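In listed order, ligands and their atoms are each counted from 1. Excluded from the calculations below are hydrogen atoms, water molecules and symmetry mates; all remaining heavy atoms, backbone and side chain alike, are included. Order of the sequence lines fixes the chain letters, A, B, ..., with proteins taken first and strands second; residue numbering starts at 1 for each chain.
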Amino acid sequence: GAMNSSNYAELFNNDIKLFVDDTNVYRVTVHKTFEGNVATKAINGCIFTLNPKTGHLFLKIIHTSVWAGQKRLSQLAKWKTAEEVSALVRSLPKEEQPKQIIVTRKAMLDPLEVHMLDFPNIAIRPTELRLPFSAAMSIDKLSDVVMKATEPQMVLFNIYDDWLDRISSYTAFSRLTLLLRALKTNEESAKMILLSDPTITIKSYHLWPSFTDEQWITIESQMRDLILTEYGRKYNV
Amino acid sequence: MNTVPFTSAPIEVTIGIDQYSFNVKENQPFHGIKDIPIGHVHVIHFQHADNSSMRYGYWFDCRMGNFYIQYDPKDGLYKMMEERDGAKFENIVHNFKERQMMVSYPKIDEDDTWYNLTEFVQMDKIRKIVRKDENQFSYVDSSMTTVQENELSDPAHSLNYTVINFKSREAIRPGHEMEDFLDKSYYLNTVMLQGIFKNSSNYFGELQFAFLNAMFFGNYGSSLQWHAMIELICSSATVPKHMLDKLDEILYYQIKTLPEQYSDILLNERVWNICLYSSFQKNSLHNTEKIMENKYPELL
Ligand SMILES: Cc1ccccc1CNC(=O)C1(C(=O)O)CC1
Ligand SMILES: Cc1ccccc1CNC(=O)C1(C(=O)O)CC1
């Protein structure tokens, strides 16, 4: 069924599960043509497939060649997403396959259910959470590898860096969603917050800076202020 | 013309015969129905005056035997029986005909309604949906479940309609997921028509039988089957042109016959708006669209 704020702890139990977000699969720029019409130009996208307990991110890069000569691309993108998630599940050993897949957008339910007919024991669920996974393209290292891709490619990341050494996956997911919500609400200011201090760096094998426990509290507080600030700017509050 | 005689009418009951209905009073001198047109299946159905629970009835074909109705006071229902002594049967019917205790199937000669609702319905195919091989006639009632309904509870008392499930491996070729889910032509033509039904007439016969069981008994699973079979055709981009023309005729007469006051419970808004206005065949059902728009404009 639908995943929400009542059964929130289910995300961090021992049943393997993946979130799938398709909001960056089909990406375009819109521009005027010489004749004054409007044309779109696709750019590389990505499927965001995340194990919320472990932080493992299966970033499938969607190269613009997959759209070549296809029609109704927004619809195709949901089915291409479902096709790639299904192939990912099939490539995993049985004991690593998820027991549930949670789609962030309800329009993915039927495409994924149909591609996963061979897996009748894997539950495909929507969620009532509004998750900021679209902002994944605001993470520099992920945006880089997507835009440099010359062919389809799967890149693997731990989106929690080494946080699980010190915090629970409940807390790490909460830190992630607050970071992504801030990047989505005011990307420039969020990045200012994250990288204003040169003394704090990002390890080559990480996505985020190497903050101490106390620095993460400061950073998290600054992200909450950014969100509140933007909320007041928006609504004149 | 053939006859369905009645031993008696000990309990007050509304009797239907195909699309017609009438009332019989408790212990009224009623001994059945005459002048039933040879050449079609028929259904004789019942709703007790003192308990509108259970509509029940019998599908039969007078070419396959001599059938009478007798009330059984133990099971509490009018039961269809076969009489193998033809001479005894002709003698009992003649006596009831001479005493004018039989009503007449009131068929208007200009009216082809029943033919139009049962064009593709054959007794041999009814008997494979309703399994009770010792009888030549088939009992159906309001509560009987379908095989598909049971998959999601006594299999002897089930309606074995062909299972249709759009999100099933049967409907969806591995490697053609998007194609087969948005265009059901594979499922319609290869799986169902070529594979299971063998021809469109047999498909239309099940569709027509499902509609009639929904209408005459309020059988919910039959209504589901009727709508599923419509949706499968309308959701297919490739259908024989003769199939669509005939479907338009079939649906027109079903919508024409439907009680106006039962529209809220026999018609699925989602299915009909999709079929008439969004589907591949949204333009191939002109007669059905016109009667639906003039008769049930609310549903749309
Ligand atoms: C007395 C009787 C006997 C057998 C069958 C029907 C009737 C009466 N019912 C009708 O005549 C009609 C109907 O819609 O039912 C046609 C109008
Ligand atoms: C109606 C009918 C038609 C065919 C066969 C049986 C019946 C019911 N049998 C009778 O009503 C009687 C009998 O002795 O059987 C009393 C005459």
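Checked against B:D18 for a side-chain hydrogen bond (donor to acceptor under 3.5 Å, both in side chains), the options B:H42, B:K107, B:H45 give a single hit: B:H42.
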Identify all side-chain donor-acceptor contacts of residues 231-239 of chain B below 3.5 Å with residues at least two apart in sequence or on another chain.
{"residue": "B:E231", "atom": "OE1", "partner": "B:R270", "partner atom": "NH2", "Å": "2.9"}
{"residue": "B:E231", "atom": "OE2", "partner": "B:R270", "partner atom": "NH1", "Å": "3.2"}
{"residue": "B:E231", "atom": "OE2", "partner": "B:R270", "partner atom": "NH2", "Å": "3.4"}
{"residue": "B:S235", "atom": "OG", "partner": "B:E231", "partner atom": "O", "Å": "2.9"}
{"residue": "B:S236", "atom": "OG", "partner": "B:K184", "partner atom": "O", "Å": "3.3"}
{"residue": "B:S236", "atom": "OG", "partner": "B:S185", "partner atom": "N", "Å": "3.4"}
{"residue": "B:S236", "atom": "OG", "partner": "B:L232", "partner atom": "O", "Å": "2.8"}

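In this structure B:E206 satisfies the side-chain contact (heavy atoms from CB on, under 4.5 Å) test together with B:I129, B:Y161, B:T162, B:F197, B:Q225, B:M229, sequence neighbours excluded. Residues meeting the ring pair (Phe, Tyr, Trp, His ring centres under 6.0 Å) test with B:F30, sequence neighbours left out: B:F6, B:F22.
Salt bridge annotation for A:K80-A:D22: absent, with no cationic side-chain nitrogen under 4.0 angstrom from a carboxylate oxygen.
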Contact table ligand 2 N or O to protein N or O, d under 3.5 Å:
{"residue": "ligand 2", "atom": "15 (O)", "partner": "B:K88", "partner atom": "NZ", "Å": "3.0"}

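Considering backbone and side-chain N/O atoms, B:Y20 never comes within less than 3.5 Å of an N/O atom of ligand 1.
Ring pair B:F216/B:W59 is tilted by interplanar angle, where 30° to 60° counts as tilted.
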